[PDB]
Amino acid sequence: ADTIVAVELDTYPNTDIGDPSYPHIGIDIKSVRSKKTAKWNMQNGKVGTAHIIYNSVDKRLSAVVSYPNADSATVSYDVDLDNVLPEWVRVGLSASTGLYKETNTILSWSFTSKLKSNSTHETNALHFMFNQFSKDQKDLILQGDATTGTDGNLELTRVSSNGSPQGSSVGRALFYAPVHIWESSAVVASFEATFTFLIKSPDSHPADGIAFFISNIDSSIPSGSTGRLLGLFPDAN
């Protein structure tokens, strides 16, 4: 199986797998059963922004999600990712629907990783920023139902031509290049990601959510990972 570290924006409460009884943001370390969660007052049909941060000195994976005119939600978990993830990874976004559904539209996505060594010329960095997505976005690996280019956006899950989200959908987008997240000479290592999203559902109960994730380089959508599994995990263990 793949190795997954993720921040979930979980829109549907599956209480038998540890979700609280409301939409929430969570830190997922190798399991869909979040290590830490916080209540998320998700707004159907509104554009929100998520920020994810981590550094090797503090060893705390943190996330903040907000909408204009609203308070933020935040969640943090103390974890040494050097002990979870391999030295080289890919980074991505994932989303799913199940018997309940929503659009999982990404309007923008940025990422920066840095490794500062003890040499006088210390800094290695990777940065990418998408504020629009082309019909042929060659620097993204699209998996499952994910598509790019419709209204300049990344649609992680299936949407019909009239905007209607489809159930039982899963899709991911990964940046094309492998990312160096640990190095033997690095004295400070850090990563951050930001994405803006539009989750809209014609229903009172949207599902299932969007995640930012970091994985082994050859990661692929696990079998049967629609719905509550967010395209990230093969089961709910």
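Counting begins at 1, following the sequence as shown.
For the pair 89-97 and 155-163, the mean B factor over Cα atoms is greater in 155-163.
Mean CA temperature factor is higher for 56-64 when stretches 205-213 and 56-64 are set side by side in the entry. If you compare the C-alpha temperature factors of 169, 34, 44, 196 in the entry, 44 comes out highest. Taking the deposited Cα B-factors for 143, 134, 103, 110, the highest one is held by 134. Sorting the modelled residues of the chain by their CA temperature factor places residue 4 in the middle third. The deposited CA B-factor of residue 73 belongs to the lowest third of values across its chain.
Sort the chain's modelled residues by C-alpha temperature factor and residue 26 lands in the lowest third, per the entry. Among all modelled residues in its chain, residue 18 ranks in the middle third by Cα B-factor.
Among the modelled residues of the chain, residue 223 sits in the highest third by CA temperature factor in this PDB entry.
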